[PDB]
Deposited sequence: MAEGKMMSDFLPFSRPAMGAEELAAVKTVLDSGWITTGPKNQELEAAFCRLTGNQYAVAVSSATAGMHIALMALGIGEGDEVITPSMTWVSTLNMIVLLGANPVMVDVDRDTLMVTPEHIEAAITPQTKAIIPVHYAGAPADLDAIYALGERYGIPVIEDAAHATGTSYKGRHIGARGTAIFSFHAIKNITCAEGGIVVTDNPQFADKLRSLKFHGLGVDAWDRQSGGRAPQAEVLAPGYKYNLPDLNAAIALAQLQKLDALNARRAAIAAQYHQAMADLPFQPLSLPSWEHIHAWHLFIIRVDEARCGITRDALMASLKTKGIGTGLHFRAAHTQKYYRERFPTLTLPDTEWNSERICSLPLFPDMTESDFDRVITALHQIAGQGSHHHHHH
């Protein structure tokens, strides 16, 4: 009975939502998409939302809508999923990778500010693992230098920063991928406070069609989310508080279990926040633990326990190593070689949980 690091919280509600859409006959983008967008605006407090086929697609059209291209620079952490770096590169722009806090894995204002040049056209902070980045300082940077801030909120559905939801202001991209806090297998949504920007996003995710009877105003891609999938996301969104509460509860126990273990969890940010607990990441330093990260992951798999690696720093991956050979980001690299994600999902039981706790104890000796 293998225990994966994540399982989607699919139940009767999700099946019923699909059935309703199948029975209606309107299976691709339509009313369920509009409902999901309205729901995300209510959830976050922002004004406009555009549902898309993935958070990667959302990042692509957000950067494209800003007119990012050849010659432009986009500041981003290397400690993030490679999709953002790929989208920057594929638009013809130059990714400028900066380091992150050694204990929270989040991009610092200092590191961002040091990398700003006249060619900087966007800054993309990541709300890592469910915790929020330092938005006040980051927006301050954006305002001072006149550079748009696009938040990567893929890990942050349910995250709050100093009393306000992530996505309440500015622009933020959320994900409905299978391991995320809410899922429809694949999907995402861009929430924004700018109406002209939102209109551009809606056109770019559906062939560049717009009303000048719709016709191509400027070429765009096909990134629309089917109503079949949007209805699943809507059913999951209705359960968000319960689902995140179960994640937070399991986080607490891990925290308690870590007191008697050598593995080091991430540090919480110093600012006021609500953590979505998308991931429970531990650092496995060979010298301190007596076992390496890769060895630990393999040992756990022998015991029938899955783990995740979120993430192998983008600048250490083949394409990026060869393109940016001199790039060194010490805190990112230190963490990249030592992090791993322990099983954490809404339906996880204590049979599962202490199965993991006792597997760690075996390995710690």
| item | value |
| --- | --- |
| Ranges of the deposited sequence (numbered from 1) for which no C-alpha atom is modelled | 1-8, 221-231, 385-393 |
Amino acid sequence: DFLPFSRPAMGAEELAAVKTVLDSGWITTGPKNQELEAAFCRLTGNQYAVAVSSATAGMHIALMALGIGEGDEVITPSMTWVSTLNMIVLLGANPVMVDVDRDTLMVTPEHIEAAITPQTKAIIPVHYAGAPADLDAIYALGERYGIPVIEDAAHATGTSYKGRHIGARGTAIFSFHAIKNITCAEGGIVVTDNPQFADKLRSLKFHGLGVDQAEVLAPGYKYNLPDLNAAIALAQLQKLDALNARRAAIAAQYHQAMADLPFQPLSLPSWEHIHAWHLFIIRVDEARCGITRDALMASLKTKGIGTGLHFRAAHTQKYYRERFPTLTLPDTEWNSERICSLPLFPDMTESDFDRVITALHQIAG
From here on, numbers count along this sequence of modelled residues.
| item | value |
| --- | --- |
| 70-78 or 281-289, whichever carries the higher mean Cα B-factor | 281-289 |
| Segment of higher mean CA temperature factor, 199-207 or 270-278 | 270-278 |
| Candidate residues 181, 84, 94, 264, the one whose C-alpha B factor the record puts highest | 264 |
| Residue selected from 58, 325, 306, 45 by maximal Cα B factor | 306 |
| Where the record places residue 54 (Cα B-factor, split into thirds across the chain) | lowest |
| Ranked C-alpha temperature factor of residue 224 among modelled chain residues, by third | lowest |
| Chain thirds of CA B-factor: placement of residue 124 | lowest |
| B-factor third for the C-alpha atom of residue 299 within its chain | highest |
| Cα B factor band for residue 247 (lowest, middle or highest third within the chain) | highest |
